[PDB]
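Asks: Please see the structure below; I have some questions.
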Amino acid sequence: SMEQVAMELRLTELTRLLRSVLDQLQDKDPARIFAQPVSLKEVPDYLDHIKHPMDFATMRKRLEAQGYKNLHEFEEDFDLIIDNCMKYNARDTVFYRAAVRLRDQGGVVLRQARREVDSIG
């Protein structure tokens with residue numbers, strides 16, 4: 001149908017906007033602490049602690065399959081990155097501190113993304 005196409009065009013544009021948001025959030029992680037999944041070879045107990053692991057490469061795979069229907073879904077995944085780290089790592093660690101900084105800096109990016117998504121529909 002023409003409607004399914006129109007729908008698919010909106011998704012594609014959402015994907016375009018989320019790709020830019022993702023690049024901006026990932027620049028706030030210059031140490032690449034959150035770039036890849038926590039290694040189960042190097043942290044063999046990880047899944048005993050963290051039930052839904054997440055990282056920027058995993059988000060990128062979902063993104064490019066147009067797997068985010070709306071901003072709320074994308075934000076859920078970004079919040080997993082931060083919240084998982086803040087539970088697994090203690091407060092006095094470079095990891096926890098990196099998550100706090102990513103959260104704080106990402107807030108600005110995500111604030112304007114929500115306005116853009118509502119604005120452009």
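Chains: A, B, ... in order of the structure tokens. Residues: from 1 per chain. Ligands: from 1, in order shown.
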When you look at range 38-43 of chain A with a cut-off of 12 Å (counting only C-alpha atoms), what residues show up, excluding the ones that are within fewer than 3 positions of it in the same chain? I need them as JSON, numbers by chain.
Replies: {"A": [32, 33, 34, 35, 46, 47, 48, 49, 50, 52, 53, 54, 55, 56, 57, 58, 81, 84, 85, 88, 95]}
Asks: Once DSSP has gone over the backbone, tell me which residues of chain A are in alpha helix (DSSP H), as a PyMOL selection string.
Replies: chain A and resi 2-27+46-49+56-64+71-88+94-119
Asks: Wanna dump the range 5-49 of chain A-range 71-77 of chain A contacts at 12 Å for me, each residue with its shortest atom pair and the distance in Å to one decimal, counting only C-alpha atoms, ordered by chain and number, as a tab-separated table?
Replies:
```
residue	atom	partner	partner_atom	distance
A:11	CA	A:71	CA	11.0
A:14	CA	A:71	CA	8.3
A:15	CA	A:71	CA	9.7
A:16	CA	A:71	CA	11.9
A:17	CA	A:71	CA	9.6
A:18	CA	A:71	CA	7.7
A:19	CA	A:74	CA	10.4
A:21	CA	A:74	CA	9.7
A:22	CA	A:74	CA	9.1
A:25	CA	A:75	CA	11.0
```
Asks: Can you list, as a list in words, every protein, DNA or RNA residue that comes within 12 Å of residue 13 in chain A when you count only C-alpha atoms, leaving out same-chain residues fewer than 4 positions away?
Replies: residues 6, 7, 8, 9, 17, 18, 19, 20, 63, 64, 66, 68, 69, 70, 116, 117, 120 and 121 of chain A
Asks: Please produce a file of the residues just selected, as a compact mmCIF listing (two decimals), in the first residue's frame, where the atoms kept are N, CA and C atoms.
Replies:
```
# COMPACT_ATOMS: atom_id res chain seq x y z
N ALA A 6 4.63 5.14 3.13
CA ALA A 6 4.67 6.40 3.93
C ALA A 6 5.22 6.10 5.34
N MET A 7 4.69 5.03 5.94
CA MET A 7 5.12 4.53 7.27
C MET A 7 6.64 4.19 7.27
N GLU A 8 7.03 3.37 6.30
CA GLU A 8 8.42 3.03 6.07
C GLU A 8 9.34 4.24 5.83
N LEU A 9 8.85 5.27 5.13
CA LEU A 9 9.62 6.50 4.97
C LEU A 9 9.88 7.22 6.34
N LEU A 17 17.55 10.16 12.08
CA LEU A 17 17.69 11.05 13.25
C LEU A 17 18.37 10.31 14.45
N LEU A 18 17.91 9.09 14.74
CA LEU A 18 18.57 8.26 15.79
C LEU A 18 20.03 7.92 15.51
N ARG A 19 20.43 7.76 14.25
CA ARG A 19 21.83 7.52 13.93
C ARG A 19 22.68 8.72 14.34
N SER A 20 22.22 9.93 14.03
CA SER A 20 22.88 11.16 14.45
C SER A 20 22.92 11.28 16.02
N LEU A 63 19.69 -0.40 15.46
CA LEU A 63 19.38 0.79 14.68
C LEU A 63 19.36 0.53 13.15
N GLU A 64 20.41 -0.09 12.65
CA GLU A 64 20.55 -0.28 11.21
C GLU A 64 19.60 -1.33 10.62
N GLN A 66 16.62 -0.97 11.44
CA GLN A 66 15.42 -0.19 11.78
C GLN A 66 14.59 -0.82 12.90
N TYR A 68 14.38 0.28 16.09
CA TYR A 68 13.80 1.23 17.06
C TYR A 68 12.52 1.89 16.45
N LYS A 69 11.39 1.57 17.01
CA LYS A 69 10.08 2.13 16.51
C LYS A 69 9.87 3.59 16.87
N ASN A 70 10.45 4.01 18.01
CA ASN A 70 10.27 5.35 18.55
C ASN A 70 11.49 5.72 19.43
N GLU A 116 12.75 17.34 18.53
CA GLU A 116 12.83 17.08 17.08
C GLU A 116 11.88 15.98 16.60
N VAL A 117 11.78 14.91 17.38
CA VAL A 117 10.88 13.82 17.06
C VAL A 117 9.40 14.20 17.11
N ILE A 120 9.03 17.28 14.08
CA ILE A 120 8.91 16.63 12.74
C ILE A 120 7.88 15.47 12.66
N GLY A 121 7.29 15.06 13.79
CA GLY A 121 6.29 13.98 13.81
C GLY A 121 6.97 12.63 13.74
```
Asks: Counting only C-alpha atoms, which residue out of A:59, A:118, A:113, A:107 sits closest to residue 28 in chain A?
Replies: A:107
